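Okay, here we've got a single chain as structure tokens, the form deposited without guanosine-5'-triphosphate, with questions on binding and movement later.
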């Protein structure tokens, strides 16, 4: 049994199950306010310094935090939050000046001094048990026009490389805003799709070996591929009512977006050209790069196969087993517990009706009080 051939009701049930599973993976708004206040206080501390170079530092979110695609790490208590300082006065400032200016002051503050841990590409603050802050110093870039964010960041090899974070965020927000056409019957959706795919990749990578784990797909490549695929299916005006078929179609259209040019594979930022997210794929020291392009294709095949198996499920016991196998045991337990509580209340409320055709249970002829000896 294939996923596409199923009736729309079963397929809607599958979509609801996946969405409810992902709902527990996301972080709440109270925590988000906590992180926001934390790095806002860090930036306010930074502004207070007498150091001229560090002055006018600005802190804004990036990555999974900016694009509203946070999925809680499996077996890890600490979330990952990444931030970048902006220095308008450091257009020509050196690495040493900015790094020392940040470091000595982070050591100066009573609260931040102990939690500070250095990183090769920046600085980190270790709030214990709940989340982290990741800081990367960067100078401004002039010469090329964009929505406004051409910027350099810090890497040991070249000390400055181009990156354009904000433009990607605006592009994703504009793209995910549009809703596909819906047939007439008698968090954005793209964000949920990317979150489901990231959860699937996270649980899939564990069973693989060391080489596949180290070469597993990264979040930004999958995000931009899914965004391009979603954009074309929006432009293609194709009617979409089959739920996980949207994942199947998007994941079908992702591998076509990988571009090979003169032996170099470029998956680019649509706004800023010169930075390849697939720059790891291109370089091939000891076949490290080629193995990375493989893992995406095996993940493509596995993700296409998993909904075939879940579609092949018969019985309510095997469906839960398949969802536990593909989407983690711990998220699945809560969904089943909530379903059982809901239908137990429906028994108590009296809203459990009988379907005329199949006699199936309806959870919303109220079933009278009954006792079942095991």
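Residue numbers count along the first chain shown, from 1. Here, rigid core means the biggest group of C-alpha atoms that superpose within 1.5 Å across both forms. Shifts are known only where both forms have a C-alpha.
Missing here is the form solved in complex with guanosine-5'-triphosphate; even so, the following discussion is about that form.
Check your understanding: Can guanosine-5'-triphosphate, laid in as it sits in the entry with it bound by superposing nearby C-alphas, fit this form, that is, is the pocket open, or is it blocked with 3 or more ligand atoms within 2.4 Å of backbone or C-beta atoms?
Key -> Judged by the transferred pose of guanosine-5'-triphosphate in the entry with it bound, this form is open (no ligand atom within 2.4 Å of backbone or C-beta).
Check your understanding: Counting only non-hydrogen atoms and a 4.5 angstroms cut-off, does residue 219 reach guanosine-5'-triphosphate in the entry with it bound?
Key -> Within the cut-off, so yes.
Point to revise | Close approach of residue 80 to guanosine-5'-triphosphate in the entry with it bound, 4.5 Å, heavy atom | key: The answer is yes: residue 80 has a heavy atom within 4.5 Å of guanosine-5'-triphosphate.
Point to revise | residue 146, heavy atom within 4.5 angstroms of guanosine-5'-triphosphate in the entry with it bound | key: Contact with guanosine-5'-triphosphate, no.
Exercise for review: Could you confirm whether residue 61 comes within 4.5 Å of guanosine-5'-triphosphate in the entry with it bound, counting heavy atoms only?
Suggested key: Output for residue 61 is no: heavy atoms all beyond 4.5 Å of guanosine-5'-triphosphate.
Exercise for review: Counting non-hydrogen atoms within 4.5 angstroms of guanosine-5'-triphosphate in the entry with it bound, say which of 280, 238, 300, 187 makes the cut.
Suggested key: After the contact test, the surviving option is 280.
Check your understanding: Only one of 243, 202, 134, 249 has a non-hydrogen atom within 4.5 angstroms of guanosine-5'-triphosphate in the entry with it bound; which is it?
Key -> The residue in contact is 134.
Practice item. Name the stretch, out of 108-116, 89-97, 284-292, 219-227, where some heavy atom lies within 4.5 Å of guanosine-5'-triphosphate in the entry with it bound. Key: Correct option: 219-227.
**Study point:** Of 273, 255, 73, 147, the one whose Cα moves 2 Å or more between this form and the one not shown after core superposition
**Key:** With the rigid core fitted, the residue that moves is 147.
Practice item. Note down every stretch of 3+ consecutive residues with C-alpha shifts of 2 Å or more between this form and the one not shown, superposition done on the rigid core, in sequence order. Key: The runs that move are 116-121, 143-147, 184-186, 369-371.
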